[PDB]
Amino acid sequence: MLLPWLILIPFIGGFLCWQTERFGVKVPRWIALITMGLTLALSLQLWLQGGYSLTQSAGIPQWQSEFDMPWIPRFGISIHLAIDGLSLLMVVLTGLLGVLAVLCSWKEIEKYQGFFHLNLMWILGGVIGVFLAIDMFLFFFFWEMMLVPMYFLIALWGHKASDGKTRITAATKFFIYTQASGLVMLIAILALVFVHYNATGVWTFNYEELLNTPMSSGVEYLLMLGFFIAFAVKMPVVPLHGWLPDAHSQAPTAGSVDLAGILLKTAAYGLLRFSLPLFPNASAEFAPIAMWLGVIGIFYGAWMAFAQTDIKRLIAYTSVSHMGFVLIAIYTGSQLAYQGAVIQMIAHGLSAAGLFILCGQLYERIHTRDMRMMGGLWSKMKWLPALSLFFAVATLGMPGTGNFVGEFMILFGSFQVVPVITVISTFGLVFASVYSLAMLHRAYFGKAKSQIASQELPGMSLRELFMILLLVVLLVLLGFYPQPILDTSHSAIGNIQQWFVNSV
Amino acid sequence: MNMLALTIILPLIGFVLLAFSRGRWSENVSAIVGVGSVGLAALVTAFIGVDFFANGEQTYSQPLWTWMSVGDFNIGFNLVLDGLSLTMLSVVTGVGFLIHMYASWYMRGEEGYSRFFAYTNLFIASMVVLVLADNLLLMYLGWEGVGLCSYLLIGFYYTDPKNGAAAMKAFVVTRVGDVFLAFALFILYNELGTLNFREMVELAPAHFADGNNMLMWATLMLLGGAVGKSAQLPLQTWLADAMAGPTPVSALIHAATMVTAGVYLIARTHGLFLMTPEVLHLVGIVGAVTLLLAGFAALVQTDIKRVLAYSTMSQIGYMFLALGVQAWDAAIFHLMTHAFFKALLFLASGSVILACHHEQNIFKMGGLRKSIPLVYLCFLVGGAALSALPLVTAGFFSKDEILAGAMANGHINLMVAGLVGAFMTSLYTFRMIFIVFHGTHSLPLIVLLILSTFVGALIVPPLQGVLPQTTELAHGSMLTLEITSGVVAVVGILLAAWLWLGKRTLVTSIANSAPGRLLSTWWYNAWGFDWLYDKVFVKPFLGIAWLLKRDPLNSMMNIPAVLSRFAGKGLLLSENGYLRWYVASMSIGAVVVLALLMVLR
Ligand SMILES: CCCCCCCCCCCCCCCCCC(=O)OC[C@H](COP(=O)(O)OCCN)OC(=O)CCCCCCCCCCCCCCCCC
Ligand SMILES: CCCCCCCCCCCCCCCCCC(=O)OC[C@H](COP(=O)(O)OCCN)OC(=O)CCCCCCCCCCCCCCCCC
Ligand SMILES: CCCCCCCCCCCCCCCCCC(=O)OC[C@H](COP(=O)(O)OCCN)OC(=O)CCCCCCCCCCCCCCCCC
Ligand SMILES: CCCCCCCCCCCCCCCCCCCC
């Protein structure tokens, strides 16, 4: 009975940010900050009062909190929200990144900034709704409801140095990819619901009731394929990764929309909740193909990230490789690999969010993004190159940061399942180190390759430094003491894994 | 006891304070903060050793917290302390304090003073984590930490891109080694369910009663990680290039911390290696080949630092030969003595470079023995210790113990390889010394001077109880082995005096010959290993990165948009605006519909 407020506080806050622009041009940033602070504090309240650490695995379904309300009773569709440890971790993560995205868009005081904050909070509310929806139609509705504000934020408030048509092309390509994947998901959902209706005789879109639906091997494989295509576009999984570097590069130059919509990965959670339990035999049959796609994604993203002359495209391909690691973790049958996948998702979110914030600060300081044109910037700034070195160290897979923890439990569980793919993924870790060193070399080390690089740049403000240091502290504490996160996710992950293993 | 956490925390506190100062403090304040943190770590290490020897040398455990706990996967954040860990902690803290004081003198008036001291404090904290680790994963934390600090310290002078290229080459080769170590970790956890060293030793013999292939692969992968970190065959190509940074950094890496991590890994996991004798024999063979190749390569080099690099490579090969003949006590004693005299040699070479200017070749300078007397004495003592000069130098006792362990286990080929290596070590050491030196009493230099003599050989590590006892040789064989080592050393010394001290006609005639030039250009480039690694790994990686730099999968997924656009342009040809064509199209569609209805029926 608290989750609808988790979804509706961002929407009401976005409406208030649009409406309060007439009171003052610098008003709606404060309203967005207050609403995202309320959402984050309420997520932390759900964490504190949920008692997730003492919760054991009991089998799907098992929700710490729930809410049901009829929406389209002709089809048996209800607004049905449910929270357990995994969804709560993702909701806390998107609340924190929403606060960071509001704080990152500070000191951008222009006309129609209230609308910018409106699409920001609508994206974040859609992300929360994706995490909390446990029925197919509302999950698809939030899956595709986030994309219109994302499209308009990319296309209208995007990179001001772009042609104006390149932003349109990137936003349209991203929208077409995500919406076509969503429509394939809707076909799979509809066919699953119709198979359930033919089997029993009732109409329902509910995930608890759609579980244990009897179907043949080919039908289950096709439904798995539709779900996996939808989740493979948004993870991204190669060759469906083409939207992500173009969307990241042409996004607003603050970087707030990256953290709000593109950086957070609902596709791995979607695979965990709606692909392994619903079609476990089909997922077991598809596991070699998905794990090899994850291997190819890791190495492809590494080779792309080394070859990029732009920072934002480089970080986008880092995201591609890290979600290749997560996709390898998903299709195993180990609880250790899944727990590492959860840690990897959270830590990659924090690390790449810090990377995108620092790239936005670097661009707002030096007004370029070409790595071949700047260099030797350690001596020219106060705080930015050291923090960028730390975040490249974190994305490199270094102990003391949560990324190492995440991908190493991923590799431990995967080796317990499949040794060869683990071997090739560890060589992918070598490649990740390679591109991190290459970005650090081409960006901050050496002699300055242009006159703007050979000039003294003002230091970062208290706000940007404080939020980057908050990200740093969170990453270090996750690296050294990951036990609260593992204890929160343990019950949900045990439910998903125990469902996946004995039904095949 | 229970102050190991202080020995980790105080370098960390120094690192945080010196990083967050970012140059705002004075050089004196940053110097005393960094040097005081390391010195207090060394003093707490001294108190720890006093408390360890006060008791009956019992192994102590301080479990701080639990790192990760997922089902059976229980990796803990615990610190263990025995004779081996006490030896490594004392070596790291003392040699790091000496190097820190020397660098506090040496870095005056340079950019990034506090950054340098923060990086070195993080280096010392990471190595203390590595040597005090209770399990394999905390040792992996220290492994990656010392690799990262090696990268951050080799490229300290970041403005020169060659320093950056050297630092990232070092980081990539070490990361390949740590991937091999991760393979060892995965195999050991999959087979035994734990990564604690004592637990692995306990549950190893029961689990591998039928098949020993997985334990063999685990020990082989541990060997791969060890030779990655210690710069041995075949991952040794980074150590020569690793002197782009300062000479205190090179002293720390080659003596105190970095190259000795593989020896600690092999010695700590000796219980697993004893059940796989073939892998331990491979460790010995790899060390022998590495020391031979390093001795051949250091004979032709024209830099002080690179000669000292291949000297460090040959000494680490001696340690690996000692580990391969199950002479563990000899290996750790040689680690102590080699850390002492290699820190002495690197600080003396740093003073030689600073006294000179522009970092010149060794062939340009000669007769520097009168220019700097004290640095000449330091370099002479370090060279005598490195060349294993008998009865005065600790290196003689260390190499004698290694060779006695090789004889007592029936290893003749490894013995003669060690003898040839000692001959070549004396050869290149006094070749370099007689080339650079022929033709203000700082206290770290004095302490390293004292420790490089037999005074350092008087200190015996408390390895009785941790590592197995080396088998004892007969007295006559032991005496004639000392005699053979002494005459081999002095024959090398007098040959190096005969060739490079004087008119140098014979050595120039040999170098000017076509086989002589071919051998010199072969051994100058580390036997072609850097070239082979470039042409096998770096060039195809760059070729694939250039081939893929315009995303081929993005084009292979964007061709549906091209097909859609082409189909739309083609279909728009029918909308020509001609009414007669519209009537013709309606009649054509009527014909098609009627024909389809008659065909389908
Ligand atoms: C753990 C024991 C050891 C075991 C191995 C651990 C391995 C992983 C450790 C990762 C830590 C980060 C290492 C890489 C980043 C190093 C940053 C750096 O270079 O800092 C120095 C820099 C000052 O350099 P300077 O040149 O003087 O000034 C810059 C321009 N004026 O400094 C600055 O400019 C300011 C500081 C920048 C960030 C420094 C590192 C921050 C992260 C660690 C501390 C976090 C805060 C402490 C609390 C944690 C939570 C309790
Ligand atoms: C790798 C280096 C060695 C480790 C030290 C430094 C690590 C990095 C420091 C920053 C991150 C710290 C995260 C962990 C903090 C302590 C966690 C904790 O409170 O654990 C609980 C434990 C109580 O004991 P127990 O009941 O057994 O709990 C089992 C736990 N699963 O609690 C205890 O037992 C507490 C024991 C004392 C802990 C003191 C830690 C001081 C750390 C100061 C660091 C300063 C520099 C920070 C930056 C470092 C570089 C990134
Ligand atoms: C033969 C049998 C024995 C094999 C032993 C194991 C392998 C050991 C490999 C050691 C050698 C690694 C050399 C790495 C050098 C890295 C530094 C370097 O050269 O940097 C140059 C370049 C910098 O990038 P950029 O920023 O563009 O620079 C501008 C101009 N340079 O950066 C680059 O060009 C990037 C270079 C990337 C290199 C990737 C290496 C991958 C290694 C995989 C090892 C696999 C081993 C097992 C093989 C299969 C066995 C069954
Ligand atoms: C500010 C406090 C400084 C205290 C310094 C204490 C150390 C003295 C100077 C360094 C001496 C190093 C000696 C190393 C001996 C290693 C012995 C190992 C035995 C196993």
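Taken together, the values in this text are just the output of simple stated rules run on the coordinates, not laboratory data. Note that we place each Cβ from the backbone using ideal geometry, even for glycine, and neighbour counts take in every protein chain shown.
A few remarks follow.
- Pairs, first more than 16 Å from A:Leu96 (Cα to Cα) in region A:470-484, second part of a helix (DSSP H, G or I) and more than 9 Å from ligand 2 (Cβ to nearest atom), C-beta under 7 Å, six or more apart: A:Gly479/A:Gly402; A:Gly479/A:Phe404; A:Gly479/A:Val405; A:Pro482/A:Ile343; A:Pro482/A:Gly402; A:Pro482/A:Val405
Okay, residues lined up against (1) surrounded by fewer than 19 Cβ atoms within 10 Å (Cβ to Cβ); (2) within 16 Å of ligand 4 (Cβ to nearest atom); (3) among the acidic types (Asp, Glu):
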site: A:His367; (1), (2), (3): yes, no, no
site: A:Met373; (1), (2), (3): yes, no, no
site: A:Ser379; (1), (2), (3): yes, no, no
site: A:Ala386; (1), (2), (3): yes, no, no
site: A:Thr395; (1), (2), (3): no, no, no
site: A:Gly400; (1), (2), (3): no, no, no
site: A:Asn403; (1), (2), (3): no, no, no
site: A:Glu407; (1), (2), (3): no, no, yes
site: A:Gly413; (1), (2), (3): no, no, no
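- Residue pairs whose Cβ atoms lie under 8 Å apart, separated by 6 or more positions or on different chains, with the first residue in region A:188-213 and in a strand (DSSP E or B) and the second among the small types (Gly, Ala, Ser) and surrounded by 15 or more Cβ atoms within 10 Å (Cβ to Cβ), are A:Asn206/A:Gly76; A:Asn206/A:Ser78.
- Conditions (1) more than 24 Å from A:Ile346 (Cβ to Cβ); (2) within 11 Å of chain B (Cβ to nearest Cβ); (3) surrounded by 24 or more Cβ atoms within 10 Å (Cβ to Cβ); (4) of a type outside the set (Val, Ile, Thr): number failed by A:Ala305: (1)
- Only one of B:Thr219, B:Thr194 that is in a helix (DSSP H, G or I) and among the polar types (S, T, N, Q): B:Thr219
- Verdict on B:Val29 being within 16 Å of ligand 1 (Cβ to nearest atom) and crowded, with 16+ Cβ neighbours inside 10 Å: no
Listed here are the residues, each with its yes/no results for (1) more than 30 Å from B:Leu188 (Cβ to Cβ); (2) more than 12 Å from ligand 4 (Cβ to nearest atom).
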{"position": "B:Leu17", "(1), (2)": "yes, yes"}
{"position": "B:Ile48", "(1), (2)": "no, no"}
{"position": "B:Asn55", "(1), (2)": "yes, yes"}
{"position": "B:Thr66", "(1), (2)": "no, yes"}
{"position": "B:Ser69", "(1), (2)": "no, yes"}
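- The set of residues in region A:369-394 being more than 16 Å from ligand 2 (Cβ to nearest atom) and not aliphatic (A, V, I, L, M) consists of A:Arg369, A:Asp370, A:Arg372, A:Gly375, A:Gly376, A:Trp378, A:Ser379, A:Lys380, A:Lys382, A:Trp383, A:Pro385, A:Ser388.
- Only a single criterion out of (1) in a helix (DSSP H, G or I); (2) more than 12 Å from ligand 1 (Cβ to nearest atom); (3) in contact with a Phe, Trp or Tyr (Cβ under 7 Å, 6 or more places away or on another chain) is not satisfied by B:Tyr151, namely (2).
- B:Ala103 vs. criteria in a helix (DSSP H, G or I), away from ligand 4 (no atom under 16 Å from the Cβ) and buried (at least 23 other Cβ atoms within 10 Å of the Cβ): no
- Any chance B:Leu10 is more than 22 Å from B:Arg108 (Cβ to Cβ), of a type outside the set (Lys, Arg) and assigned to a helix (DSSP H, G or I): yes
- Checking B:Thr219, B:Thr194 one by one, the residue that is away from chain A (no Cβ under 14 Å) and either more than 16 Å from ligand 4 (Cβ to nearest atom) or among the hydrophobic types (A, V, I, L, M, F, W, C) (or both) is B:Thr219 and no other.
Table: residues versus (1) within 14 Å of another protein chain (Cβ to nearest Cβ); (2) aliphatic (A, V, I, L, M); (3) surrounded by 12 or more Cβ atoms within 10 Å (Cβ to Cβ).
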position	(1), (2), (3)
B:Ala497	no, yes, yes
B:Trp500	no, no, yes
B:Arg504	no, no, yes
B:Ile510	no, yes, yes
B:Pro515	no, no, no
B:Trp527	no, no, yes
B:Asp534	no, no, yes
B:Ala545	yes, yes, yes
B:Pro552	yes, no, yes
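- Yes/no for B:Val95 being in a helix (DSSP H, G or I), more than 16 Å from ligand 1 (Cβ to nearest atom), of a type in the set (A, V, I, L, M, F, W, C) and away from chain A (no Cβ under 14 Å): yes
- Residue selected from region A:430-457 under the condition facing chain B (nearest Cβ under 7 Å) and in a helix (DSSP H, G or I), by the criterion surrounded by the most Cβ atoms within 10 Å (Cβ to Cβ): A:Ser433
- Applying the set (1) of a type outside the set (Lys, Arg); (2) more than 28 Å from A:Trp383 (Cα to Cα); (3) within 16 Å of ligand 1 (Cβ to nearest atom) to B:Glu110 leaves exactly one unmet item: (2).
- The helices (runs of 4 or more DSSP H) falling completely within region B:525-590 that include 2 or more residues that are basic (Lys, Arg), more than 49 Å from the chain's Cα centre (by Cα) and within 30 Å of A:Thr172 (Cα to Cα) map to B:552-571.
- Listed by position, the helices (runs of 4 or more DSSP H) contained in region A:283-401 that have at least 2 residues being away from ligand 3 (no atom under 16 Å from the Cβ), under 23 Å from the mean Cα position of the chain (by Cα) and among the hydroxyl-bearing types (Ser, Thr, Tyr) are A:335-366.
- Scanning region B:162-184 for residues that are more than 17 Å from A:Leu389 (Cα to Cα) and within 8 Å of another protein chain (Cβ to nearest Cβ) yields B:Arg175, B:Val176, B:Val179, B:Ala182, B:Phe183.
Condition check ((1) surrounded by fewer than 23 Cβ atoms within 10 Å (Cβ to Cβ); (2) farther than 24 Å from B:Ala294 by Cα; (3) within 14 Å of chain A (Cβ to nearest Cβ); (4) more than 16 Å from ligand 1 (Cβ to nearest atom)) across all residues:
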position: B:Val416; (1), (2), (3), (4): yes, no, no, yes
position: B:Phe437; (1), (2), (3), (4): no, no, no, yes
position: B:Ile450; (1), (2), (3), (4): yes, yes, no, yes
position: B:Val460; (1), (2), (3), (4): yes, yes, no, yes
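- Cβ-Cβ distances below 8 Å connect the following pairs, each with a first residue in region A:415-441 that is more than 17 Å from A:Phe299 (Cα to Cα), a second residue that is within 16 Å of ligand 2 (Cβ to nearest atom) and aliphatic (A, V, I, L, M), and a separation of six or more residues or different chains: A:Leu440/A:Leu389; A:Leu440/A:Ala392.
- Of all residues making up region A:389-404, the number that are at the interface with another protein chain (Cβ under 7 Å from one of its Cβ atoms) and out of contact with any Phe, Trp or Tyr (no Cβ under 8 Å at 6 or more places or on another chain): 1
- Residue satisfying all of: in region B:26-46; touching a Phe, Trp or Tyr at 6+ places or on another chain (Cβ under 7 Å) and within 9 Å of ligand 4 (Cβ to nearest atom); farthest from B:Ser104 (Cα to Cα) among these: B:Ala42
- At least 1 residues being of a type in the set (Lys, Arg) is the threshold, and among the helices (runs of 4 or more DSSP H) wholly inside region B:245-328 those reaching it are B:261-268, B:304-324.
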